[PDB]
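Working notes, beginning with the structure itself.
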Amino acid sequence: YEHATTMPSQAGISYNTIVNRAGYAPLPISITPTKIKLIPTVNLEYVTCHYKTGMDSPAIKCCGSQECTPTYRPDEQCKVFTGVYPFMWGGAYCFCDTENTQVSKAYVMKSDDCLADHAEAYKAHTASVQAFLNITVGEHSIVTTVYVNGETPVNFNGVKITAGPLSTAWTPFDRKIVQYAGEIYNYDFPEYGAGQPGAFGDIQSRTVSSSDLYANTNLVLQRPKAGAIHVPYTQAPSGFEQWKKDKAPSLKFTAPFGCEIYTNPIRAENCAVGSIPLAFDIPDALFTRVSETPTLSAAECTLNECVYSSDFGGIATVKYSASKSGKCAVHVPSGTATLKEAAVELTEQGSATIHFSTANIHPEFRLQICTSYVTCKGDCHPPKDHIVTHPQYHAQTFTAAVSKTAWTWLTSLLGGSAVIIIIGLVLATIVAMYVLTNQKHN
Amino acid sequence: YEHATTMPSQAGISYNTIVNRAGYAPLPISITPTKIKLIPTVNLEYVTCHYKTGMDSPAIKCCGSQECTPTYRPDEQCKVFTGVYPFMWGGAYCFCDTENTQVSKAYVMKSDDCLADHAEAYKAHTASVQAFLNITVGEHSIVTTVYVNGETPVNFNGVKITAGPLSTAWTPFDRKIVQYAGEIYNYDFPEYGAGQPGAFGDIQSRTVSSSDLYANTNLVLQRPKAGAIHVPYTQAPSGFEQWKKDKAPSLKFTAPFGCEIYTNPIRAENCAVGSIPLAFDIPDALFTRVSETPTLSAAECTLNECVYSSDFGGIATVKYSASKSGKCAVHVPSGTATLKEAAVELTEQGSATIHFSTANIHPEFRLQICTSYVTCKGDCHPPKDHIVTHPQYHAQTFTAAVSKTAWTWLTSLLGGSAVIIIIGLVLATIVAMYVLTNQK
Amino acid sequence: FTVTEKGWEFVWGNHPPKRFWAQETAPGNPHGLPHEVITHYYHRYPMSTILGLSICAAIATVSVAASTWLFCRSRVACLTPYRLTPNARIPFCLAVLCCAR
Numbered sequence: 001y002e003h004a005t006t007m008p009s010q011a012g013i014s015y016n017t018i019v020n021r022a023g024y025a026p027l028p029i030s031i032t033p034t035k036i037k038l039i040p041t042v043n044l045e046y047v048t049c050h051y052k053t054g055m056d057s058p059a060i061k062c063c064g065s066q067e068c069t070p071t072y073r074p075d076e077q078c079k080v081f082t083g084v085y086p087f088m089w090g091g092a093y094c095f096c097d098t099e100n101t102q103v104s105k106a107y108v109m110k111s112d113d114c115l116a117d118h119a120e121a122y123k124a125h126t127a128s129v130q131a132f133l134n135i136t137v138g139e140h141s142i143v144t145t146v147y148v149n150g151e152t153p154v155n156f157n158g159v160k161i162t163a164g165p166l167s168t169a170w171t172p173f174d175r176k177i178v179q180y181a182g183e184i185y186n187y188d189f190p191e192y193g194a195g196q197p198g199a200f201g202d203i204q205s206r207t208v209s210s211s212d213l214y215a216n217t218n219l220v221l222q223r224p225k226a227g228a229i230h231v232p233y234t235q236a237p238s239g240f241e242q243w244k245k246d247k248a249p250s251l252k253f254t255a256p257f258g259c260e261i262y263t264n265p266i267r268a269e270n271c272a273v274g275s276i277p278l279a280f281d282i283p284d285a286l287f288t289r290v291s292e293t294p295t296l297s298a299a300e301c302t303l304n305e306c307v308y309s310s311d312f313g314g315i316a317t318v319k320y321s322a323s324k325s326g327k328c329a330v331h332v333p334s335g336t337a338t339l340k341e342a343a344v345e346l347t348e349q350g351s352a353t354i355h356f357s358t359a360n361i362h363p364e365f366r367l368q369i370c371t372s373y374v375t376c377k378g379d380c381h382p383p384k385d386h387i388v389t390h391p392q393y394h395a396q397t398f399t400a401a402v403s404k405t406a407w408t409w410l411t412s413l414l415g416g417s418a419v420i421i422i423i424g425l426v427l428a429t430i431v432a433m434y435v436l437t438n439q440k441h442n
Numbered sequence: 001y002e003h004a005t006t007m008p009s010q011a012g013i014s015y016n017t018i019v020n021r022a023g024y025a026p027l028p029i030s031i032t033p034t035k036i037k038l039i040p041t042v043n044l045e046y047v048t049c050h051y052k053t054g055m056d057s058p059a060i061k062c063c064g065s066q067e068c069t070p071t072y073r074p075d076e077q078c079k080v081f082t083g084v085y086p087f088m089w090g091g092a093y094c095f096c097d098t099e100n101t102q103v104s105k106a107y108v109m110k111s112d113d114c115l116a117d118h119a120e121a122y123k124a125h126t127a128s129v130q131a132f133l134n135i136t137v138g139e140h141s142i143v144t145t146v147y148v149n150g151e152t153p154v155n156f157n158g159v160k161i162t163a164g165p166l167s168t169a170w171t172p173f174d175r176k177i178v179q180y181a182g183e184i185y186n187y188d189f190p191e192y193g194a195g196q197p198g199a200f201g202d203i204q205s206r207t208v209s210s211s212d213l214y215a216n217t218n219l220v221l222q223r224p225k226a227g228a229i230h231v232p233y234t235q236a237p238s239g240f241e242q243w244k245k246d247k248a249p250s251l252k253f254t255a256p257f258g259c260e261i262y263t264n265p266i267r268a269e270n271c272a273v274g275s276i277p278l279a280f281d282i283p284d285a286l287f288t289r290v291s292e293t294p295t296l297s298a299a300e301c302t303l304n305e306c307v308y309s310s311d312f313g314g315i316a317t318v319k320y321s322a323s324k325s326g327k328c329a330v331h332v333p334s335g336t337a338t339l340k341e342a343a344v345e346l347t348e349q350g351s352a353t354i355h356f357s358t359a360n361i362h363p364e365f366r367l368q369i370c371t372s373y374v375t376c377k378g379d380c381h382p383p384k385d386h387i388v389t390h391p392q393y394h395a396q397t398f399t400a401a402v403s404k405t406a407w408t409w410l411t412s413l414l415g416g417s418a419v420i421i422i423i424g425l426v427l428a429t430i431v432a433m434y435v436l437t438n439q440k
Numbered sequence: 319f320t321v322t323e324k325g326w327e328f329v330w331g332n333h334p335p336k337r338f339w340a341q342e343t344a345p346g347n348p349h350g351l352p353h354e355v356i357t358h359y360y361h362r363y364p365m366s367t368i369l370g371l372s373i374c375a376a377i378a379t380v381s382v383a384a385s386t387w388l389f390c391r392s393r394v395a396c397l398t399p400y401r402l403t404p405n406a407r408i409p410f411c412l413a414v415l416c417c418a419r
């Protein structure tokens, strides 16, 4: 039996329904979503870290001339300095006054702490939604990771459930992503080979153990001080450190719809957006007949408590009579009241006490109990808290809180003016006919 | 300096252009694509293989009764048969006539040859084109893999080249892909848990060593023969073998645009679809002044031979008088005719030979040698081979092969009618004025 | 801060996140004294209330104006054939109804 329904994309809250085959017993279905992930297709480009300007020892020749032999190290600067009279601790180094030669050679390599302290630059596109449902169809419950593409069914007890695709293609993640220290940022990093000095990605190692890194760190060798053996350089500071000093806050704190960004798979959690459709391919064996379930006669519904709070702040009470003692489903077909439980276990002459939730000020819904319909009617009152620490358990219908007094003010001041204009039009018509009757005289 | 150009996506055929800076030397550019890949994002959903119905040994209790103990094996059946009189080689097993009981248990397990003989069921989306170029910009030549998204530049000698994205999002692959033995199939496999017996995917293991398989093979246990210890069973035959028997041919035989499906990773190569835009960021140091290059005076172009074939079938002779002996660029601006080489080395008073390629019966194209512009003009002849084994080196211009005689026939049949109708209208106007004159 | 029915969340240092949710407890009484229901539905639904009062005032004004227009035209159409007679003896019933001399 093909049954299609729709579930809102919101974790924690139980979603209840029933299936009414036209001549059989109603089959209750309950789905409570627990954890709804969103895992993009993530593509590593490069990592970066702090650099470490390595320097070779100065090659000194006395009354000679050196040359520049390159090594093709990253950003490998080299320069030959003439007119140098260096000193060691044990006196001067050459005897020649001039024509001595010192060679400075510097290069950029990545830091020793690159392994545990690095930032991963990614690209993300075309995410994949995946929920941890908890389905109950005819008191047979499973807990299964369902995938919410339009296929990939979950099978249990012959029942085939296909939870279709989300109504929205929204993702919190951008086209480019930086991951650093368990937190994830929407940063527009430059491409490989486009890294600029002083900003994020001046070092670009392809992987953590790539052993071939791009480096553009504005390194310039300088002339040594007269009488000293050192290699003086001048370069722009660590762009990774400067990225860490600025760092507009993580996507964990800035994401729309209240998402919960996590790390080891890059994923978002519990983004309250969209809605999941559902397909139920139910076999015919589960449809129990009518007379194998209880069936009421002369039932009546009264409202004990009625507060239009956020949770189950209404209590309806059903006095019933039925010639069996078993459980049967309860359901509200409109979205007027959201019931708490899905079934009520019955005696033969007792009473039932259900808990509902509603946004209405004058609730009038038609409760469906075992196979019948009672009408639960009352008046709800405002709740005592302004602010609660749990979300809403009902749906705000348009014209839900219109408060019959204000229905009377909209009926009188808008329908009464129509009464004024129709009696004016009738009076005008009677006047026109009476003028024509008076001028029938000639 | 931004220089934007567009290259047709086709391997092997060289692409030549020059940058004409208004007061500096012309700068040659030569780009030959070697291998154009096309790689979809590929996601493994399950594997499948031949199966193997595992059977348990029959549990016989002599004059008793048995029960069913589920082992929760895949597609496991357990029926229990009463009224048995089994046999071994050493006579009868039990000694009763009735009330003996035999338990049969069968289950499905994936085959022993699953590791080296199995089909991998993937899902494809969102291709990522990548290209092996060979770039020469002013006798600086590299060979470098490029990524042809609209970024990820290639850097050599200060030049920053970025190959823009393809003008077409075409992929030879469908949403669903099966790989079997180096060959790839657009095949709409059933989802995991949706396998049917006797068809593809009646056995579904999530990975190759997953230790959890989905089996829907229509296994049914039968009743054994009187006086025999065996487990009889009936089931639908293997759907991986039936899928190998069906197997409409691979994607390297049915794909359009000449694509070549390979799988070390799953990719297509050398599809002749679309075109790569290019972006040149040329620095201001490569532009030599004009006076340090050769420059001609009194140059003249004559066509020696001219065949409007598919290869280079035209020879033009350019006689010049050079101020200095050195190599310089040759280029044709239009797609009227495509030259063979990008540079010509000059003497001071020699005559140069260029090889070009055209579709025009009557070509009139303006060459660009070092900084001048000569006008090459002639007539081509039809080739001799009907079918060649190399693709087309030039462009198909609309009205390229009109063969001037047919220009004369079209111009006569299209212009004489207009001449006759305008002299008819002028004659009508003169007759109207003559009537208005005579009615005075 | 302003917290709506769609939610709100803050983090204070190393404390865990606290989510809060507003629920519909507006100041006023929706059950009488019609300047109290208007403040209730103004703090409750601010944008819809001004549009509703604007269109209800516009329809009431147009209706009262057009009814007064039609009644005055019908009074003129009644009394004009009895005000062009040179004796002008308007009968008594139309004098009481149409408010004549």
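So the protein lines, in turn, are chains C, G and R.
With the first letter of the first sequence counted as 1, position 25 gets the number 25 in the entry's author numbering; the numbers rise by one all the way through.
With the first letter of the second sequence counted as 1, position 379 gets the number 379 in the entry's author numbering; the numbers rise by one all the way through.
With the first letter of the third sequence counted as 1, position 21 gets the number 339 in the entry's author numbering; the numbers rise by one all the way through.
Using N, Cα and C, we set each Cβ at its ideal position, and we do this for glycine too.
- The beta carbon of G:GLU76 sits closer than 6 Å to those of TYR107, all from its chain and outside the five residues before and after it, given in chain order.
- 9 Å or more divides the Cβ of C:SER111 from the Cβ of C:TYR233.
- Of all residues in the segment 124-154 of chain C, only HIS125, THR126, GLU151, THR152, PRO153 and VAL154 place a beta-carbon less than 8 Å from a beta-carbon of chain G.
- Using a C-beta cut-off of 8 Å, the segment 320-329 of chain G makes contact with the segment 339-350 of chain G, since at least three inter-stretch Cβ pairs fall below that distance.
- Under the 9 Å criterion on CB atoms, C:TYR187 is classed as non-interfacial with respect to chain G.
- G:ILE229 and C:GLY164 have their C-alpha atoms roughly 50 Å apart.
- Of the residues G:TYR185, G:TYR1, G:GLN130 and G:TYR192, the one whose Cα lies closest to the Cα of C:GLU151 is G:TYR192.
- Taking the C-beta atoms as reference points, G:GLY313 is found no nearer than 9 Å to G:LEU303.
- Contact fails between the segment 125-141 of chain G and the segment 249-264 of chain G, because fewer than three Cβ pairs, one in each stretch, are under 8 Å apart.
- Our two residues, C:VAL307 and R:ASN347, have alpha carbons roughly 15 Å apart in a direct line.
- Annotated three-state conformation of G:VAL148 is coil, per DSSP.
- Put simply, the CB of R:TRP330 is far from chain C, with every gap to its CB atoms at 9 Å or more.
- Contact check for G:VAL42 and G:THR207: beta-carbon distance about 15 Å, past the 8 Å limit, so the pair fails to qualify.
- For the set G:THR411, G:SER372 and G:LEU166, the Cα lying nearest the Cα of G:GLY23 is the one of G:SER372.
- Nearest to C:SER9 by alpha-carbon distance, out of C:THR295, C:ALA272 and C:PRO333, is C:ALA272.
- For the segment 375-401 of chain C, residues whose beta-carbon sits nearer than 9 Å to a beta-carbon of chain R comprise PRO382, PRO383, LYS384, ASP385, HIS386, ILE387, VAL388, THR389, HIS390, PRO391, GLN392, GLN396 and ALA401.
- In this structure, C:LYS384 places its C-beta atom within 9 Å of the C-beta atom of R:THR343.
- Burial of G:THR336 is indicated by the presence of at least 16 other C-beta atoms within 10 angstroms of its C-beta.
- The C-beta distance from C:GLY274 to C:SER167 rounds to 5 Å, short enough to meet the 8 Å contact threshold.
- The segment 197-205 of chain C makes contact with the segment 47-57 of chain C: 3 or more CB pairs, one atom from each, lie closer than 8 Å.
- Taking a contact to require three or more Cβ pairs closer than 8 Å, the segment 151-160 of chain G and the segment 73-89 of chain G do not qualify as touching.
- For chain G, none of the residues of the segment 319-338 of chain C brings a beta carbon within less than 8 Å of one of its beta carbons.
- Counting along the chain, no beta strand (DSSP E) covers R:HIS353; the unbroken alpha helix (DSSP H) around it starts and ends at 353-362.
- DSSP lists G:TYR233 as the beta-bridge partner residues of G:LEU221.
- Within chain R, the residues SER381, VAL382 and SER385 have their CB atoms less than 8 Å from the CB of C:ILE420, given in chain order.
- Using a Cβ-Cβ cut-off of 9 Å, C:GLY158 does not count as an interface residue toward chain G, since no Cβ of chain G sits closer than that to its own.
- For G:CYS68, the CB contacts under 7 Å within the same chain, skipping 5 residues up- and downstream, are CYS78 and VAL80 in chain order.
- Here C:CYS380 is buried. Its C-beta has 16 or more other C-beta atoms within 10 Å.
- For G:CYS114, DSSP records no beta bridge to any residue.
- Counting C-beta atoms within 10 angstroms of its own C-beta, R:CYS417 has fewer than 16 neighbours from the protein chains shown and is therefore classed as exposed.
- Only exposed fits C:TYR434, as fewer than 16 other CB atoms lie within 10 angstroms of its CB.
- Proximity of the segment 16-33 of chain C to the segment 180-196 of chain C falls short of the contact definition, fewer than three beta-carbon pairs being nearer than 8 Å.
- The segment 250-291 of chain G is shown to contain whole alpha helix (DSSP H) runs of 4 or more residues at 251-254, in chain order.
- For C:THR48, the uninterrupted beta strand (DSSP E) segment begins and ends at 35-48.
- Listed along chain G are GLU151, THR152 and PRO153, each with a C-beta nearer than 8 Å to that of C:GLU191.
- Residue range 51-55 is occupied by the beta strand (DSSP E) that includes G:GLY54.
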